[PDB]
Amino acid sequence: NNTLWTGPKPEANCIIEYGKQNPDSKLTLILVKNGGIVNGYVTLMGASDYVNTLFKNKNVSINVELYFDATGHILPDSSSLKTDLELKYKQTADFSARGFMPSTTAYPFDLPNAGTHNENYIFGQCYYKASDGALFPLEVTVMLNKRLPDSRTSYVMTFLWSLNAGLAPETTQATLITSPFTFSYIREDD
């Protein structure tokens, strides 16, 4: 069973809006083991009036933080994603997902008396297609481990999508859709 995911077309499961308590967006996240690497796939779909009016501004930053415990399960209290990932094929009760996690050898934490780790970032691009058909590039940053939010967390995966355009993509509400972004990282031992 080499796929850990949200499902292929999830209902609202993720919070983008600052201070909001209920899901307002649909995060599709898929992690597949392939030898010593995880191949990831991620897209975001908006599901509130707030998220679906972000692109009325020419500057947009969308942040999704995922925090995991020692067995690779989402900590929903602190994470943007409010439902744990699941194995495409069921396993025994609390089966470990540690082998899907980003390696703490390859991507360490910035602990107080260690030097800082800039090797923990993956950067790339995906896109937003506006109502009128025009395509806008979104700069993507994935941060692996590096910064613990609290003393309850073992692994970190964060996503930032950024738009700093000349003019707003939209002048009316429209479904926010990030085109799928693929990435690969060195995984923990099973």
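Quick note: we count residues from 1 along the sequence shown, nothing fancier.
Judged by mean Cα B factor in the deposited record, 83-91 ranks above the other of 83-91 and 97-105.
Stretches 180-188 and 1-9 differ in mean C-alpha B factor, with the higher average recorded for 1-9.
Of the candidates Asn145, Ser151, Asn63, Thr141, the PDB record gives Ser151 the highest C-alpha temperature factor. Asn118: CA B factor lies in the middle third for its chain, per the PDB record.
The PDB entry assigns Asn59 a C-alpha temperature factor belonging to the highest third of its chain's modelled residues. Residue-level temperature factors show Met157 in the lowest third of its chain, judged at the C-alpha atom.
Among the modelled residues of its chain, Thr53 has a C-alpha B-factor that falls in the middle third according to the deposited record. Placement of the Cα temperature factor of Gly36 within the chain: middle third of the modelled residues, per the deposited record.
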